[PDB]
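Considered here are two forms of the same protein chain, supplied as structure tokens in two stand-alone entries, structure 1 and structure 2.
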Structure 1
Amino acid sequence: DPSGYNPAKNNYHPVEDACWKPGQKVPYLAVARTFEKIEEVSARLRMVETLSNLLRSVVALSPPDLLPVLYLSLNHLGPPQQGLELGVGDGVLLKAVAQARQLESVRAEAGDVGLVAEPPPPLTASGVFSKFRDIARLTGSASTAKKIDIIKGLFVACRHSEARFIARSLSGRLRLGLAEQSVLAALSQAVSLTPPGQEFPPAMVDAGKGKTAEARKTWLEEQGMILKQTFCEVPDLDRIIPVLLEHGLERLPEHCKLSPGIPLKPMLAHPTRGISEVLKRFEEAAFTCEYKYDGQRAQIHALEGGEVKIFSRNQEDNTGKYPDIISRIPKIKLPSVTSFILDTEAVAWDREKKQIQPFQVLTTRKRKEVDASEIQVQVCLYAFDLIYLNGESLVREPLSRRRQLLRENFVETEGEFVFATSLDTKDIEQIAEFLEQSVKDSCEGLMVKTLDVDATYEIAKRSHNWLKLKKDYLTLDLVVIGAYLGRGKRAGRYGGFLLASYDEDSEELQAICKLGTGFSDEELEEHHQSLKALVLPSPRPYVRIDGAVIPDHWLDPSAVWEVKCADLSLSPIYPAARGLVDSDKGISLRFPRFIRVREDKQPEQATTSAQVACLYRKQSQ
């Protein structure tokens, strides 16, 4: 019966076309039949609709199962502030699949571990979700063998395509072409066509029957926006879905409101090609340029009562990471400030030298540090936006209003709390001077944001309303030494390449980084046909990769390619220019990207390791 569930049929009847009786639990084969339908198409509009159909039947037949199927669709375990980690990777999964042959026999890997995984009672969407959370809670000695027993049990109770999606979910890559934005769209459409909370049989099955083409289309877009904006204020399905089922989507904003202590999605940013693009994109609109600091974003929450909370860009609870900010919280606020959401950037600060350390020094800090004195790498917050002030939300306020509120209610404590360096002007000469000074002041670039025109703190309108003017968006010449196999959208062809530089004194090619972005499918096919006969079974003696990942296809060094990167970093695993700067660490590329092939050059004529050292030395650090 559930083998024939087709949530992609025309005139889908949520009750008759369902595959489970009302009041019963949604079987996992139902959501697995839906997944197979979503991955068989490419248009998101047909993806959002096929999902949405399953969400109708769930809202009508088994309401309490809605939250589990949404998370199973999102491939998540709950709200990000919780932090439940699966702790299961490819190795753990392969072991569980064999216990249902041999680990070497299961080492086929197509690309996709689900295909390799392909009497008990049938599986349940809630039961599978509770088993996923059980796996996540398993910690301590022999916790792995406990996880593998649970996973082993799932694969035995799997049927049809259940084995390929359970394995995909646990591996962390469902690869459905459907993510959070379409899941919300499918949910908003679902509850608008089938309202929740109807006595069975539901008096309304399809609330878009008596509407025109423009009517339903415009209606569903307005309904989706009410849900999308509220999610951006409360990204917590455990907090939205109970309210959604109780009071409809129309009343959802009246209860799920932007509150301190509950994280909210921050304003993203889109890269600007140059000053010409930011001037054209912000035509006749005022624009302020700030210094994009190179650190980790800190969302400082000040709940009414004194409890301080700190979240990350992805709503991860970072309170235990910054006890110093939890202590210095009152030093940055004014007496009238009773509750506030500060949008700051946490960068490493050397209190002795009064300078900002690079990003790597920030990452050497402890994640769960109960000892405040044991914190060596100090931090200084750079506040650049305010989203809340004394019981009031500032989402619908322009940037000029939020800026004047931050500057008039927060004290600049030099060395620990300083406002971001800003410059409000339109002269192309002043913009270049501020851009050159930002790199001179140890910053990655310049942020460009409006002050009044489309300058509110609203994600659903445009999550990428801010502009990023980084210097690398305005290069090295390295040889290939090997190729890697592709996974997912890269199966059957090449996925990443390992590049190397030429050490003149050592007379050996030294691996400097891997390269897996910046090329089209036609260029990747041109790379395959060109670097095909160069396949070598063993590495050449002049090649040296040190601790880098051994390429699946050793290549005869003969291809010189141009690679651009953001920064040069000291590498713990690469041998490029080891000893030239650090005694035991080489040099690698931050954010590498492929540019073009240099057919005019040979491996001998490429970026030397001595050059890589000089480039790293002339890097403001």
Structure 2
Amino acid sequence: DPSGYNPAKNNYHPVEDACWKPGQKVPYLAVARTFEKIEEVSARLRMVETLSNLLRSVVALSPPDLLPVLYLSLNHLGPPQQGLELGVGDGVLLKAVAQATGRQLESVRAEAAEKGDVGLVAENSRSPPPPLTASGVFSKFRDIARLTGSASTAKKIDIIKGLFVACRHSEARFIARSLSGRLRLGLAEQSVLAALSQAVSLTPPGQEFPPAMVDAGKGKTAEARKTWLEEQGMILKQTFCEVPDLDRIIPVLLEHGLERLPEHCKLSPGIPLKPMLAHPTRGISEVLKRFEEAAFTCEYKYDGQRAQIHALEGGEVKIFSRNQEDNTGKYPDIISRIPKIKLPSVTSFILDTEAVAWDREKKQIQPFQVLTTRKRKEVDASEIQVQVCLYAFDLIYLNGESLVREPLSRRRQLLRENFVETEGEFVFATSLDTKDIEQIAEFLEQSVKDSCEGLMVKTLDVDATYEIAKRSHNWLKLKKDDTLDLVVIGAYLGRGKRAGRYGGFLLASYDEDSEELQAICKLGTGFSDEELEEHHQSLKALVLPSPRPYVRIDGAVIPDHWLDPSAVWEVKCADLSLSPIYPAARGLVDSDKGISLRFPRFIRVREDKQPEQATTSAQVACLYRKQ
């Protein structure tokens, strides 16, 4: 009976405590019940142990189902480079829920909005189908993803409808949450990998049934078992960091075990790697304190796309994003300039660059906003209007050899010798090797004058290995980063923990000339759970049927609930930006723009102030001009 499956129990037996038989398909109810127990407890150690217990049972009884269970737990359809997209959100899902239940769409939409979760609407509104299996549900997910073109939505909903029909207990709750993209399991790539290494360590794969070894850490002490499990997890995470492909890792892991996995999987071009990231710093003094005496280089903080350029032995080139998505079609201009950025001796590499929009007429750098207007579909180079300049700063791979273990001085050296620069097309990142504080400060202000967001600071020899998929403390960011009183003119219904309350708010400034409230930004950060739920009734009493005549929101998202302009909030923001969406001070700085708040954050309520005493739109334009 899969409805009683308790993978959170102590002394879990991968065979006797499982809700299915050997050689039999893993039921999806076992996965859903694993999701329930993971969410009921808060200790992330117990959430990993509960997921491992399911994986141990999968490994022991139904090994071919390990890959679908992992992807279902990660809410992914496959390898990130494959580019498989469901094309399903809340809109298609509620249409399927209303169609399966025979209810109207607005009644289902009203319920989904009030309860805040679409999975609760599908579960409660339940409307003889065989029991769902893990690989069966996963195959239906990939089937929904393959449907494209005209009249594909109805075909997607039909697959979803048949799923909701076969759903029992909490299966519909987690299928709807997964299809909406918000599974909210509490575990992701780090925790799912942790549970997998624990599973194959406790219940080794490749055994004859019945498995003679079910708890390999039985006689170990608590510390010894913890130490042995921590190092086994480091083997899997180190191998997966270099080969982030579950389609490749899992088959070899099941056949040769975890300890022999590094001998079969090696870093090579063609498989995208999660790039190295940096930690923010609050100033140059913190940089030198954290770096102690380690020599560092100062690099420009570029405002573009992190592009991983893979050149395969033979001549094939692929461009990958930071999220391991293939962008080779988005950049045909970069593909055509590959032969003129390297020496003839270069036959294979993995480049770590920054794709920055380039004004070829002015020989200047354009902001990231101009880069986002680039077509992302299959473009041809002749129609590219926003050219890009490549800014390389690291070399992961060169001519069959990996350089992740070499220091940055060795990697930067091999990058400057084997690659040739072309102005406005491919150049090395503007760097400066120095220890003088005054020289770093001038380099930083220079960086801003060249339309960059600051400085990247990286160690050169001490702790200077390329750390894949890691936000390192050996890379530091020297970035450039106002209090305003805005009127709450609308509310947005919340999800997740804010399901039954408000999750966002539409703020507005006061325009003195037209005597109108102009929307300026959206706000949902800076709130404690207490001051949100304890004050949600105060804003709920301000709900208006229709917006006031003096409220102007223009192209901003229409709020779910219009609120009577009466609440004035003190809001802090990193900086101000020109927005083609918000109408606040539209014609006071630019002719057809307006000013919004970048990363706003709630501070306090200003009950002493009234909407007409809020920060004026002229005051907003003055703050932007002072930037």
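All residue numbers here follow the sequence of structure 1, with the first residue given the number 1. Take the two forms, find the largest set of C-alpha atoms that superpose within 1.5 Å, and that set is the rigid core.
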Core aligned, which of 155, 419, 359, 484 has the Cα that shifts 2 angstroms or more between structure 1 and structure 2?
484
Note yes or no: does the Cα of residue 68 move by 2 Å or more between structure 1 and structure 2 after the core is superposed?
no
Residue shift check between structure 1 and structure 2, rigid core fit, residue 19 Cα at least 2 Å
no
Answer yes if the CA of residue 551 moves 2 Å or more between structure 1 and structure 2 after aligning the rigid core, and no otherwise.
yes
With both forms put on the same core, how far apart in Å are the CA positions of residue 606 between structure 1 and structure 2?
5.2
Once the rigid core is matched, what's the CA displacement of residue 59 between structure 1 and structure 2 in angstrom?
0.4
Between-form comparison on the rigid core puts the Cα shift of residue 518 between structure 1 and structure 2, in Å, at 3.9
